[PDB]
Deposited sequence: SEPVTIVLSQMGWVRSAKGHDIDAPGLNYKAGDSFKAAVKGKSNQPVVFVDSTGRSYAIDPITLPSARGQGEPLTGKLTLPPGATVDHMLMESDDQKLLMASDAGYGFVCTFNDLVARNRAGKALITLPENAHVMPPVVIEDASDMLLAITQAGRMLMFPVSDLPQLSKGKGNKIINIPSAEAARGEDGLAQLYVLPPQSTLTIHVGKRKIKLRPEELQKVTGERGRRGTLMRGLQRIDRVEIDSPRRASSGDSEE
């Protein structure tokens, strides 16, 4: 057991660097490639990847190349579905709670252990509806945190993340109501999904700005699976700043 940092590149190449202090964007990349993400942990814990089809895969860091060199392709280690990409990387304690979801507005709470699939083809973790995509997984820091969902149409819904049932896999249960045919057409969908503590969100769309303190977020609180509250002009969000005590 020794501290490691796993570094993922834009082209899907990985390596395991010794220590937690490395300059990951400053590493050597192959021509046309560059930094995407880094996670940290211990050499005796798995690193997990989630692909664009909702499958998860675990790799033992001891099998990965070191910081020197340009890494090695994930396609040499994982059996990805045709056209799938590796979009997300996690390294957490076995029992760490996570929020998994699709942009059709369905999801579930699980633990990191539920993502750990050491076989080459990994595990079907989240089932995606027609033309749906995986949301970025969210590490749940406190069980009493609030889930905040914002749709492509500009509706917002907030409720305690404990309200969302825990599962080990599947489609999940409804987070926010988005009509399924509309989602399959790409006409609406879950655009942003957060787990927040007394947080404030500042959201920009071009030169328009809205600031939502706890007072304002109380106003979009509602029951899980409701359609949420429409905010005029809250479409094509391009900047979000979350200040979370």
Note down, first to last, the deposited-sequence stretches for which the model contains no C-alpha atom. 198, 247 to 256
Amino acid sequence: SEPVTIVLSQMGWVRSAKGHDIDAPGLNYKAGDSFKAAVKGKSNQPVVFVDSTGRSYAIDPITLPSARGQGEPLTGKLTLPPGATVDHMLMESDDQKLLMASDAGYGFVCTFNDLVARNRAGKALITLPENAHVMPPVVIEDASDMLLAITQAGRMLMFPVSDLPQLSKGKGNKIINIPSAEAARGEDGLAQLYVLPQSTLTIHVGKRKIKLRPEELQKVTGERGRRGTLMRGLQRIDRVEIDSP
From here on, numbers count along this sequence of modelled residues.
Out of 172 to 180 and 208 to 216, which one has CA B-factors that are higher on average in the deposited record? 208 to 216
64 to 72 or 34 to 42, whichever carries the higher mean Cα B-factor: 64 to 72
Top Cα B-factor in this entry, restricted to 82, 129, 154, 137, sits on 82
Against its chain's modelled residues, does residue 198's Cα B factor rank lowest, middle or highest third? highest
Here the Cα B-factor of residue 96, set against its chain, lands in the third termed middle
For residue 192, the third of its chain into which the C-alpha B factor falls: lowest
Would you mind ranking residue 102 by its C-alpha B-factor against the rest of the chain and naming the third, lowest, middle or highest? lowest
Taking the values exactly as deposited, rank residue 53 by C-alpha B-factor within its chain and report the matching third: lowest, middle or highest. middle
